[PDB]
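The sequence lines fix the lettering, A, B, ..., with proteins before strands; numbering per chain opens at 1.
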Amino acid sequence: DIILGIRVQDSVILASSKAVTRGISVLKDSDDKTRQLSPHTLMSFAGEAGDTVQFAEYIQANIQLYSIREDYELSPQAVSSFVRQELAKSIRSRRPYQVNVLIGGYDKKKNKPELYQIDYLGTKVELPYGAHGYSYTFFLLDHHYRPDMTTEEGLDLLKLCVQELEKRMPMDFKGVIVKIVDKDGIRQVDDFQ
Amino acid sequence: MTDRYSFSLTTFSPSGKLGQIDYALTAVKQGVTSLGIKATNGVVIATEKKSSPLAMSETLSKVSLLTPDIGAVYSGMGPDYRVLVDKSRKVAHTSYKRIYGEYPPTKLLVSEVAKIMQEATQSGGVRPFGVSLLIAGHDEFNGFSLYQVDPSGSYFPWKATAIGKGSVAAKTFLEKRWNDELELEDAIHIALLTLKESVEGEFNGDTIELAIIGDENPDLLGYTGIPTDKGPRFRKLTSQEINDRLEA
Amino acid sequence: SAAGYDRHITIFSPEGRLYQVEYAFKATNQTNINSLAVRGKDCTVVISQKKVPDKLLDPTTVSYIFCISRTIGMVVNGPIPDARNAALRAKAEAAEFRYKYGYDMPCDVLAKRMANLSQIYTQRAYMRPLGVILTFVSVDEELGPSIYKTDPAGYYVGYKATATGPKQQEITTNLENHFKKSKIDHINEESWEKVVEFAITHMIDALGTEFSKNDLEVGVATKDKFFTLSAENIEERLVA
Amino acid sequence: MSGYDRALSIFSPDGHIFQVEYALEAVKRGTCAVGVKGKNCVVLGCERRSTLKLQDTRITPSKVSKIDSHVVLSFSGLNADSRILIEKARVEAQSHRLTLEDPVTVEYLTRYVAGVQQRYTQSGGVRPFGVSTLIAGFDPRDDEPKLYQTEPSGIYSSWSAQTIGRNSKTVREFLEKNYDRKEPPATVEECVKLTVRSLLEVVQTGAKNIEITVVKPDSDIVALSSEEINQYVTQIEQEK
Amino acid sequence: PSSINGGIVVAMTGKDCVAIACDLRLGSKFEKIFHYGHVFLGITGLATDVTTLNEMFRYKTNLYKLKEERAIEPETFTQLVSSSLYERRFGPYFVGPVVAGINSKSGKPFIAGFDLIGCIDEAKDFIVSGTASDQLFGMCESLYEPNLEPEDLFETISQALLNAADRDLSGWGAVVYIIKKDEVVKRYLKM
Amino acid sequence: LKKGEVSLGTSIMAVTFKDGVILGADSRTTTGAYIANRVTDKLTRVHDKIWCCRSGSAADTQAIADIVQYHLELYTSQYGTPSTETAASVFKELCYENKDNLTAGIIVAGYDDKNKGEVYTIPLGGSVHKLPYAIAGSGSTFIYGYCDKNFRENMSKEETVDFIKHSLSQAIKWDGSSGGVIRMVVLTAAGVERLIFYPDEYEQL
Amino acid sequence: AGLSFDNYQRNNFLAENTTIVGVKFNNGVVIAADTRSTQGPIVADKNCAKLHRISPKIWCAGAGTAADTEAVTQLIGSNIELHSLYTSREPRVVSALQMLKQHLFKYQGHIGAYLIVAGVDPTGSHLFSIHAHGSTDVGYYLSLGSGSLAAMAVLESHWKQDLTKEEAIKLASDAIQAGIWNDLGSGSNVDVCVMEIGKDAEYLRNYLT
Amino acid sequence: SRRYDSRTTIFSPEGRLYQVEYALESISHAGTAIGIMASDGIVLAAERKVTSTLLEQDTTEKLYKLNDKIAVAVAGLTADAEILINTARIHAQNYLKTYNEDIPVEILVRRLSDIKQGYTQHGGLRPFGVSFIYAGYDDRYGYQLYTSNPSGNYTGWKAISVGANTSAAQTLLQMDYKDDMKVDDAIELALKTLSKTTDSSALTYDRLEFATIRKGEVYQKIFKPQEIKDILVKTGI
Amino acid sequence: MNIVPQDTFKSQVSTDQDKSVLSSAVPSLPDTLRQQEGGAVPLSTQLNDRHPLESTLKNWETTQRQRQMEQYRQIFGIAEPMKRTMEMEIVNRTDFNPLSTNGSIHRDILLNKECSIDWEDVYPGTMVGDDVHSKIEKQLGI
């Protein structure tokens with residue numbers, strides 16, 4: 001499982017590989033490693049088996065409960081803080097499990113996009129771009145990223161990163177599902193990466 | 001499963017008053033008088049050691065040190081006061097000393113005692129405490145302080161006050177005898193004068209209990225060698241000192 | 001009459017009193033027995049009146065004086081079942097103090113502990129106070145001869161000398177007169193036998209009646225042990 | 001009464017539990033609530049007490065609460081207990097969604113609320129909720145309107161149109177005269193108009209004391225503004 | 001970009017002033033120094049533990065100010081940090097904390113350091129935390145002088161940080177706080 | 001058994017004789033090869049005429065002995081002077097019920113008016129054995145034969161003192177974990193008598 | 001409640017990837033220590049106070065895990081102060097020893113504190129050694145720390161029953177000095193505390209410099 | 001009523017809860033407190049129940065700070081109020097720790113009201129005999145004024161009074177309050193309402209507590225006795 | 001007559017062992033949302049990799065109390081432990097403070113801890129279900 005995310009001037013673009021478990025051949029067309037926390041906050045996750053899915057569904061349930069109770073939407077910063085707290089709590093009495101999450105949102109009070117990354121120990125970092133699962137896309141991101149890039153330029157950079165990833169992976173890598181979060185909500189780029 | 005709960009022992013009356021708290025206040029009003037006076041450089045706390053003639057007065061003391069800088073006195077039921085004093089001494093260490101490395105300021109310890117007393121009114125197992133407390137203390141950032149705590153758990157700061165059987169007359173005397181320029185010795189003299197009108201029998205050093213919060217006492221520290229180690233500020237006057245002050 | 005829920009439980013009356021506590025105090029005088037406690041230079045003496053009107057009773061099994069620890073003795077005024085309950089509790093408390101703090105429990109500390117338990121009884125709705133009065137005596141290694149008393153109200157205090165019972169006022173008055181004459185708080189004697197004889201004489205003078213060897217119980221606390229005298233010892237003490 | 005009404009666990013000689021009836025009496029003192037379901041929607045109407053001059057109206061809670069994106073709830077009785085019930089219902093909806101991946105049905109949520117209310121009648125140390133609730137919505141992936149009523153005893157029922165609270169008998173009679181189950185209001189406007197006309201039978205001031213909420217399939221919940229309710233009231237008055 | 005574990009913290013005492021400085025990863029937000037009114041805390045080590053400790057100490061200092069009706073002093077905060085660290089005796093945080101400040105009533109500067117379970121090291125000259133450079137302690141020992149003015153103290157600590165950075169490069173920066181009885185100055189170093 | 005824990009490499013003897021019982025021990029406590037304490041007192045008193053010596057873990061045996069002394073005070077408050085058998089039973093119960101977590105062995109010597117002096121041994125594991133005499137510790141292994149050749153029933157006090165002195169002198173001579181002075185307690189109807197013998201005395205035997 | 005076990009598994013997963021003496025003299029006791037505090041081979045502090053006060057006349061000095069030593073000493077001091085207030089009597093060294101022994105035994109050696117405790121009470125003068133697992137011992141002169149062997153050699157050289165206060169102070173200072181000279185763990189200064197029967201405790205900071 | 005008022009968990013035949021009603025009635029014996037929300041701030045005022053000059057007026061019986069944005073005025077039993085105030089402070093700090101943001105006013109009010117409601121549903125608990133006026137600011141609704149009573153119900157207000165003279169104070173506020181009022185006008189209105197509704201001869205400074213939540217950020221100011229005297233002189237009382 | 005706590009390990013497990021957090025939809029399964037443990041904590045993980053001293057510390061006081069009761073039974077009889085247990089049950093049963101966690105004064109007097117402090121006293125210590133009503137339901141067993 002590999003996840004990528006780029007925060008461009010007015011939106012956040014999250015790309016997740018539509019991979020599958022090993023040993024069983026599956027034909028499916030869905031993004032199973034992404035949960036919509038709120039109509040303007042999306043979370044992508046990567047890691048080991050169903051522990052990560054359990055954690056993501058638990059987070060989604062808590063955030064939906066908050067939204068129903070307050071008739072209001074939490075900001076991406078508060079959502080990321082809550083996720084970090086819950087992830088730190090979940091491993092206080094058990095062996096830690098591999099998990100890495102990218103949270104992308106659009107704050108309407110501030111009217112700006114935000115992107116956060118939390119690792120398996122519960123370390124939250126606010127980043128303009130991030131990735132997980134890749135053994136380098138960092139240099140490509142560093143050389144070709146600007147804070148005021150539009151959505152199209154971010155998509156072009158994402159396509160370059162996808163090509164770089166696919167040049168060193170077998171044909172078993174079916175593709176990457178791409179989603180965009182902006183002031184109009186969350187949408188899916190049905191065309192390509 | 002009717003034994004998993006007990007109905008409240010303290011309930012509201014139709015007029016809007018909690019009867020058990022009022023009756024505890026009545027029991028407080030039937031107790032021996034105890035007073036406190038706050039000065040510019042100290043606080044005085046006084047009480048009458050009403051007693052059998054064969055009972056040793058020194059064995060039973062109504063004035064207790066809570067911290068080296070905080071002491072207390074009571075009017076009402078003695079055993080409740082003893083239990084509360086033990087709890088307050090323990091709480092000064094559990095909540096403050098083992099956390100911040102310091103003894104608590106007077107107001108926070110008063111708040112802890114008041115919370116403990118308040119919890120006794122929201123109960124189906126115990127009745128409220130039947131005591132009123134006067135707590136005097138000193139702390140670095142607030143100076144000298146004197147507080148009164150009621151059986152309901154309410155507490156208030158005072159320049160000077162009195163509780164017990166002769167509280168009204170003592171309050172009148174203190175109102176007519178208090179100024180903002182008073183000194184610790186003047187406060188001690190005024191406390192002796194106020195207690196003189198309340199005690200009915202023998203009025204000497206064997207029937208009066210006095211304590212002060214004043215300057216640090218290096219002689220009571222028990223060790224020497226650390227200049228920054230302040231001595232205790234709480235000090236209980238002996239019977240001889242009380243006799244000397246009464247004679248003068 | 002309590003006239004309310006205070007007929008059963010320990011809550012405040014409108015006058016601000018606890019009627020169950022006062023009724024336990026009244027119960028403390030059921031046995032109609034008087035006890036006296038005095039201090040010597042290095043001993044403490046307790047004397048309890050024994051009444052066995054029934055001829056079918058075994059007198060040797062009638063006693064209100066208990067040995068709590070090696071150095072602490074106790075006298076109880078009130079019914080014998082509560083007395084035995086309190087005796088077992090006090091024994092356990094003394095042993096636990098020794099286990100926890102590494103030295104023998106002082107008499108005053110034990111009295112304070114029992115008083116705190118009595119305070120629990122006074123404040124809890126579902127616990128009744130014990131209708132007894134306890135008097136602990138010893139020779140403490142720091143304070144010398146010691147007498148302390150605890151009551152159902154949770155009040156405890158120490159005494160130069162004490163008397164408890166229906167006729168306690170006369171005994172206390174006689175003790176006060178003797179102490180005013182001597183101008184000391186203790187008995188100026190060197191042997192505990194002399195202190196025992198003095199306490200017997202004081203009891204006889206106060207009650208206005210003569211006592212035989214079977215009408216009294218005597219306990220003596222020294223710095224080593226607390227021990228109870230037998231019939232022969234009391235008979236020997238009477239002859240003086 | 002007759003000494004049979006001082007506990008929840010006492011049967012009357014004629015087989016009644018009077019405390020449940022008294023909780024219903026408490027419910028009867030709350031503001032009236034009405035629920036009417038049409039061919040393709042459910043409308044919940046509520047009576048609101050006239051707002052005071054200095055009372056802030058921006059953040060005042062509404063009488064109709066959204067349990068989930070497809071289920072809404074109104075109440076009559078004690079306002080403070082309704083908050084506890086609503087919080088529990090929302091928590092249960094999220095918990096069921098987490099456990100089974102599927103959102104609750106209206107009947108399931110009604111049964112859960114009734115179960116909570118029943119549980120709060122099974123102890124002598126607890127007080128039942130003095131609230132009667134109306135739960136409305138549509139089952140997921142379904143287009144059949146659902147309306148249920150729940151009572152403090154834990155009993156729930158399914159209704160085509162129902163009223164609870166103060167003066168609910170008059171509104172129920174009006175609905176019985178002016179509602180036909182075989183020909184329900186085929187449009188949202190007709191259902192809203194019927195609900196408003198039913199509420200106007202007991203509401204004194206008029207439009208400003210009426211709240212209307214409309215629920216449609218596919219998680220479509222709309223809270224009508226004061227202007228629309230005023231327009232409905234004016235049209236009803238003109239047609240009168 | 002998400003690797004922020006480690007770092008260094010340096011605290012030094014001058015005349016009626018203190019200095020506390022930390023390293024920072026810059027280039028193309030996460031600072032390891034926090035303050036609680038007039039007490040400064042710098043934490044090195046695991047980043048998640050640093051965030052957790054900062055949140056907990058903000059919680060406790062806010063409650064302390066609400067109750068005592070006054071700001072907390074460096075000595076009291078040091079004792080609080082020690083007790084909080086010792087609470088996790090068998091599951092300790094992987095952190096090295098350093099405290100700096102000026103006592104309001106007395107005006108005396110104060111610095112201290114802690115181990116992972118709260119043992120207090122109160123130093124009169126300087127405290128170094130972190131394992132990024134072993135020669136940082138030696139450079140601080142060679143550069144430090146007692147009773148320096150705030151400008152001289154700032155120059156000394158900045159030079160120590162710059163030399164340590166040159167010892168071990170692009171994107172490195174520093175944050176320096178100079179603290180007096182009534183004035184606090186925060187500066188950034190891009191060299 | 002626990003890592004970095006103080007052990008008891010002692011020499012312990014208890015002998016029953018005509019007038020009562022005598023308990024003897026050395027006075028050496030070591031940490032590996034270093035002697036941590038050369039004048040330690042190993043004769044533990046749990047009642048006025050009931051004494052014991054301990055082997056195994058020092059902390060575990062000290063805790064067990066404290067609990068036993070507390071138990072005997074509780075018993076005395078009720079029924080008077082306990083018997084040596086009762087103390088041995090309490091020791092055995094404490095050792096056996098905790099044998100999976102504590103390492104403890106106890107030699108108990110007692111006197112009472114009924115049984116007139118008794119010795120009990122509770123080795124590791126928690127079993128109890130009543131014997132006319134008992135030896136224990138790391139230095140006991142070297143005197144198994146000698147004692148078996150020199151013990152007699154109903155010996156006088158002086159003969160028992162000499163037997164214990166000789167046996168413990170040999171145990172000290174051959175065991176590196178044993179040394180110092182020899183301490184003995186004599187329990188009879190007359191009372192409790194404490195004795196000490198110095199190296200310059202018993203090394204010339 | 002109590003000491004927490006949270007993040008034990010997490011810490012395991014991450015891992016997978018001084019001279020102190022006490023001397024008795026004819027009318028009291030003396031405790032002494034060095035002032036060097038190190039963090040590995042680096043001298044962290046040249047003037048560190050290692051003598052701690054359980055009660056005004058009961059003092060102690062520890063080794064092992066420093067945080068454990070400080071925490072246990074402070075907890076026992078709080079218990080001693082509360083007990084003294086409850087009994088209205090001067091605290092006894094035996095009581096502090098009992099509390100320390102039972103507390104250390106409860107944790108089964110996981111609290112790494114090794115102590116020398118000296119004190120004066122109405123029963124007399126007392127000196128004790130306390131091990132981490134809960135065992136305690138009595139002695140006339142004791143040593144502790146990495147320099148304990150040199151200090152013990154000096155103590156065995158010049159100890160006798162009839163020691164005055166000055167002789168005891170000199171002997172303790174000499175033992176600490178030997179540990180200072182011959183052990184890399186010690187070396188800076190000598191702190192002394194003298195507790196004499198019937199008098200206040202005397203704390204001499206940097207008695208030898 | 002004597003057969004249905006001894007316990008808090010029993011309904012009357014008419015559906016009433018008498019213990020809750022008695023707790024509500026007990027509020028009328030407390031000193032008056034007033035909250036007024038203007039276009040640019042909130043004013044809290046209260047009258048102490050002082051009867052002697054020996055009280056330390058300078059050194060906190062009616063006004064408390066829940067946090068830097070939220071404060072409260074208290075009418076009723078002081079100790080129960082202190083319990084609830086400590087609980088509210090802990091809840092606010094918990095929200096800040098969890099979400100890294102300041103807690104909204106309504107959430108804190110609802111939490112406290114739920115606690116007070118729960119204290120009316122257990123037979124072993126009596127209701128809290130306190131009423132709170134909450135004054136706060138948040139980024140969602142701006143300035144907010146709330147009231148909560150022993151029954152656990154809470155309400156939003158523009159101008160509100162609790163305590164002994166609630167009816168007359170509310171009448172005066174209705175006759176005088178305006179939507180576009182300023183902070184200084186709100187202060188004057190609160191002082192005049194307290195002076196008119198007081199049972200004492202004069203409204204001196206030592207019988208008053210004052211607080212203001214305003215903007216320069218948002219600032220809380222608990223007035224000292226000297227400032228209270230200055231404002232009393234300025235108003236003309 | 002135990003000193004170190006024994007028999008601390010669990011012998012059987014089930015998905016409904018925690019009766020207080022059972023799911024209403026599937027009563028045989030726990031409700032992970034109301035558990036509020038992070039959502040990724042299976043019960044099996046609590047059976048392995050525990051610190052060996054945790055069980056000893058958690059059950060130490062209960063073990064000492066049980067040993068004291070057994071000693072009382074042996075020396076005094078059944079009545080003494082019966083009375084001690086009755087007093088403790090009465091005190092613990094009538095105390096219900098949902099807003100506080102500190103123990104009662106009377107409990108400390110009964111436990112002879114009036115002037116004793118341990119680390120449990122110094123260190124006595126959500127989105128869903130941490131309110132008064134949850135404590136009411138748990139206390140009343142409804």
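Atom NZ of I/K135 has more than 12 neighbouring heavy atoms from other residues, nucleotides or ligands inside a 6.0 Å radius. Within a 6.0 Å sphere centred on CZ of D/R58, other residues, nucleotides and ligands contribute more than 12 heavy atoms. Under a cut-off of 6.0 angstrom, the local environment of CG in D/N230 is crowded, with over 12 non-hydrogen atoms contributed by other residues, nucleotides or ligands.
Formation of a donor-acceptor pair under 3.5 Å by the D/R172 side chain with backbone atoms of D/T163 is found in this model. A donor-acceptor contact shorter than 3.5 Å is absent between the side chain of D/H96 and the backbone of D/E101. Of the possible polar contacts, one joining the D/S168 side chain to the D/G165 backbone as a donor-acceptor pair under 3.5 Å is found. Judged purely by atom type and a 3.5 angstrom limit, D/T60 has no side-chain atom pairing as donor or acceptor with the backbone of D/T57. Remark: side-chain polar atoms of D/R83 are paired, donor with acceptor, to backbone N or O of H/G152 under 3.5 angstrom. Between the side chain of H/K116 and the backbone N or O of H/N149 there is at least one donor-acceptor pair closer than 3.5 Å. Formation of a donor-acceptor pair under 3.5 Å by the D/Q19 side chain with backbone atoms of D/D5 is found in this model. At least one donor-acceptor pair closer than 3.5 Å links the side chain of H/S113 to the backbone N or O of H/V109. The backbone N or O of D/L224 lies less than 3.5 Å from no partner atom in the side chain of D/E228, so there is not a single donor-acceptor pair. In this structure a side-chain-to-backbone donor-acceptor pair under 3.5 Å is present from D/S76 to D/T31.
Between A/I68 and D/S69 the shortest heavy-atom distance is CD1-N, 4.5 Å. Residues H/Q121 and I/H133 come closest through the heavy atom pair OE1-CE1, 3.0 Å. Nearest heavy-atom pair, D/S95 versus I/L33, reported as atom, atom and distance to 0.1 Å: N-CD2, 3.5 Å. The two residues D/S123 and I/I142 have their closest heavy-atom pair at CB-CG2, 3.7 Å. A pairwise comparison of heavy atoms in H/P127 and H/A23 identifies CB-CB, 4.1 Å as the closest pair. The heavy-atom pair separating A/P76 from A/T41 by the smallest distance is CG-OG1, 4.0 Å.
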Query - A/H40 vs A/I186, side-chain contact (heavy atoms from CB on, under 4.5 Å): CA-CA, chis, key distance, verdict - result: CA-CA 6 Å; A/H40 294 87; A/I186 305 177; 6.0 Å; no
Query raised in the report: A/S75 and A/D107: side-chain hydrogen bond (donor to acceptor under 3.5 Å, both in side chains), yes or no, with the steps?
Result: CA-CA 6 Å; A/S75 64; A/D107 192 358; 5.0 Å; no
Requested in this report: Go through the steps to decide whether D/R111 and D/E92 satisfy the test salt bridge (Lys or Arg N to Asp or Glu O under 4.0 Å), and finish with yes or no.
Outcome: CA-CA 11 Å; D/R111 186 166 47 216; D/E92 179 61 26; over 6 Å; no
Report task. Please test D/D68 against D/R90 for salt bridge (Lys or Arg N to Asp or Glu O under 4.0 Å), starting from the C-alpha separation and ending with a verdict. Result -> CA-CA 7 Å; D/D68 201 355; D/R90 291 166 173 172; over 6 Å; no
Requested in this report: Please lay out, stage by stage, how D/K146 and D/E107 fare under the test salt bridge (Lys or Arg N to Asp or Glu O under 4.0 Å).
Outcome: CA-CA 8 Å; D/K146 300 297 184 181; D/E107 186 170 5; over 6 Å; no
Report task. Test side-chain contact (heavy atoms from CB on, under 4.5 Å) on D/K63 and D/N79 and set out the steps. Result -> CA-CA 9 Å; D/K63 298 296 183 182; D/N79 298 324; 3.7 Å; yes
Requested in this report: Determine, step by step, whether H/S148 and H/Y134 satisfy the side-chain hydrogen bond (donor to acceptor under 3.5 Å, both in side chains) criterion, reporting the C-alpha distance in whole Å, the side-chain angles of both residues, the deciding distance to 0.1 Å, and the verdict.
Outcome: CA-CA 8 Å; H/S148 73; H/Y134 310 82; 2.8 Å; yes
Query raised in the report: Between D/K208 and D/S50, is a side-chain hydrogen bond (donor to acceptor under 3.5 Å, both in side chains) present by the stated rule, with each step listed?
Result: CA-CA 8 Å; D/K208 59 184 179 184; D/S50 57; over 6 Å; no
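A donor atom on one side chain and an acceptor atom on the other are found under 3.5 Å apart for H/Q117 and D/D81. A/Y58 and I/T32 form no side-chain donor-acceptor contact under 3.5 Å, judged by distance and modelled atom types alone. Side-chain contact annotation: D/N209 with D/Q204, donor-acceptor N/O pair under 3.5 Å absent. A donor-acceptor contact under 3.5 angstrom links the side chains of D/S225 and D/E227, judged on distance only. Residues D/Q118 and D/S153 have side chains that never bring a donor and an acceptor to within less than 3.5 angstrom of each other. One side chain, A/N62 or I/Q36, offers a donor N or O that lies under 3.5 Å from an acceptor on the other. Inspection of the D/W159 and D/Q149 side chains reveals an N or O donor paired with an N or O acceptor under 3.5 Å. Side chains of A/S38 and A/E73: a donor-acceptor N/O pair is present below 3.5 angstrom, by distance only.
Side-chain contact between D/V34 and D/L44 is absent, with no heavy atoms from C-beta onward closer than 4.5 Å. Side-chain contact between H/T8 and D/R127 is absent, with no heavy-atom pair separated by less than 4.5 Å. Annotation: side chain of A/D71 is not in contact with side chain of D/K66 (no heavy-atom distance under 4.5 Å). When side chains are defined from C-beta on, D/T213 does not count as touching D/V43, because their heavy atoms never get closer than 4.5 Å. At least one side-chain heavy atom of D/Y112 sits less than 4.5 Å from a side-chain heavy atom of I/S24. Contact annotation: the side chain of D/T195 approaches that of D/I212 to within less than 4.5 Å [non-hydrogen atoms, C-beta and beyond]. Annotation: side chain of H/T155 is not in contact with side chain of H/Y146 (no heavy-atom distance under 4.5 Å). At a threshold of 4.5 Å between non-hydrogen side-chain atoms, the residues D/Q117 and D/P152 count as touching.
With respect to the salt-bridge test (charged N to carboxylate O, under 4.0 angstrom), the residues D/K88 and I/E137 qualify. Taking the charged nitrogens against the carboxylate oxygens, H/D139 and A/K109 have no contact shorter than 4.0 Å, which rules out a salt bridge. At a threshold of 4.0 Å, the pair D/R166-D/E47 counts as salt-bridged, since one of the basic side-chain nitrogens sits closer than that to a carboxylate oxygen. A salt bridge is absent between I/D131 and H/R111; no separation between the charged side-chain nitrogens and carboxylate oxygens falls under 4.0 Å. Salt bridge present: A/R69 and D/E87 bring a charged side-chain N and a carboxylate O closer than 4.0 Å. Ion pairing between a basic and an acidic side chain is recognised when a charged N comes within 4.0 Å of a carboxylate O; H/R110 and A/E70 show such pairing. Between D/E239 and D/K193, at least one side-chain nitrogen of the basic residue sits less than 4.0 Å from a carboxylate oxygen of the acidic one, meeting the salt-bridge criterion.
Taking the six-membered ring where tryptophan is involved, the planes of D/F18 and D/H16 are essentially parallel, since the angle between them stays under 30° and well short of 60°.
A cation-pi contact, defined as under 6.0 Å to the ring centre and within 45° of the axis, is absent between H/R16 and H/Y4.
Checked against a 6.0 Å centroid threshold, the rings of A/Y66 and H/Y99 count as neighbours.
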